[PDB]
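Visitor: For the sequence shown, full-length UniProt numbering begins at 4 and goes up steadily by one.
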Amino acid sequence: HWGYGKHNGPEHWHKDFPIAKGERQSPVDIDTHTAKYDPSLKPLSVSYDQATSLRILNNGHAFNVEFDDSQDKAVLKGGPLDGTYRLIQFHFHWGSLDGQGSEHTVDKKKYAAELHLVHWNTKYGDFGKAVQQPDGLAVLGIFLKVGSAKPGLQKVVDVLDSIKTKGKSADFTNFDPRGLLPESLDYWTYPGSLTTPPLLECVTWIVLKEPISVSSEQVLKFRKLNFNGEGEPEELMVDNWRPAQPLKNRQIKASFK
Ligand SMILES: Cc1cc(C)cc(NC(=O)Nc2ccc(S(N)(=O)=O)cc2)c1
Ligand SMILES: [Zn+2]
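(1) Out of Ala247, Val68, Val159, point me to the one whose CA is closest to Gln221's CA.
(2) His4 to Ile91, Cα distance in whole Å?
(3) Report whether the distance from the Cβ of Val241 to the nearest heavy atom of ligand 2 is below 8 Å.
(4) What does the shell around ligand 2 hold, if a residue joins when its beta-carbon is under 6 Å from any heavy atom?
(5) Run the proximity test for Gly25: is its beta-carbon closer than 8 Å to any non-hydrogen atom belonging to ligand 1?
(6) Among the residues of its own chain, which have a CB less than 7 Å from the CB of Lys126, if the five just before and after it don't count?
(7) Assess contact between the segment 169-188 and the segment 209-217, defined as three or more Cβ pairs (one per stretch) separated by less than 8 Å. Is contact present?
(8) Express the C-alpha separation of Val31 and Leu223 in angstroms, rounding to a whole number.
(9) With hydrogens ignored, establish whether the beta-carbon of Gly131 is closer than 8 Å to any heavy atom of ligand 1.
(10) On the DSSP bridge assignment, give the partners of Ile209 in chain order.
(11) Of all the options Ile209, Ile166, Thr168, which has the alpha carbon lying nearest to the alpha carbon of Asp138?
(12) Roughly how many angstroms separate the alpha carbons of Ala65 and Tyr7, rounded to a whole number?
(13) Taking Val68 and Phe230 to be in contact with their CB atoms under 8 Å, please state how far apart those CB atoms are, rounded to whole angstroms.
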């Protein structure tokens, strides 16, 4: 079954998921000199005041903080998007080393980690329908660099002990995802895909220009998670990122100059 190792990793995925070699795969390298400023792009609208977090889950590939998406509580709108997208979960991808871990890269630069806030288009009724549509998801991607601590991340860090292994979950109510955002909402955008199997080509990617800074201790605690389940040999959950994929016939647009 797929993973991130030498025998089941990104180089293998195309055998079960042939869309891995498709025309709008993610992540990509963001070449900042080739991205074009689009003055018709609108500012992002991030409305997280009514967000309702529920649970945090180690799913064997990352950990997801899950939200109540049965109503318009935490939504993303504007930017390149038409319509309203509901926040369903966020998760991260990270490295074994501070110099690697992000999925997108910027002028080939790799960050220590990358946050994905996953949203689905309410015109499609449910997340399972949305992933079957070319405009079904909008994922807001935020780079993490190692430096000073991110205070709004610490409640996530402190619960990871309780979800060490695959299949463990814990209650995670009353978490405010606004504490994970950088100051600026300047962004790059392009059409892409999920970055893990089934690799569906259903995502409008919105990647913020400004990284957030997390401490070395915070990302160190990410790296103590386990890919394995309890009672299985320990496999540290590190390097759960897909490398950059060919841009093919796509243009990355910038909301800024
Ligand atoms: C509809 C459905 C049902 C189940 C049980 C799982 C999934 N998988 C899914 O949503 N995966 C997913 C993969 C990658 C991203 S990313 N890394 O591009 O933000 C988000 C969701 C999708
Ligand atoms: Zn992701």
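From the three backbone atoms N, C-alpha and C, an ideal C-beta is built for every residue, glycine too.
Guide: Straight from the coordinates:
(1) Among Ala247, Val68, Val159, the Cα nearest to that of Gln221 is on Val159.
(2) 25 Å
(3) For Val241, the distance from the CB to the nearest heavy atom of ligand 2 is not below 8 Å.
(4) Those satisfying the condition are, in chain order, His94, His96, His119, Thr198.
(5) no
(6) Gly86
(7) yes
(8) 26 Å
(9) yes
(10) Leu143, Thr192
(11) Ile209
(12) 11 Å
(13) Not quite, the Cβ-Cβ distance comes to about 18 Å (not below 8 Å), so this is no contact.
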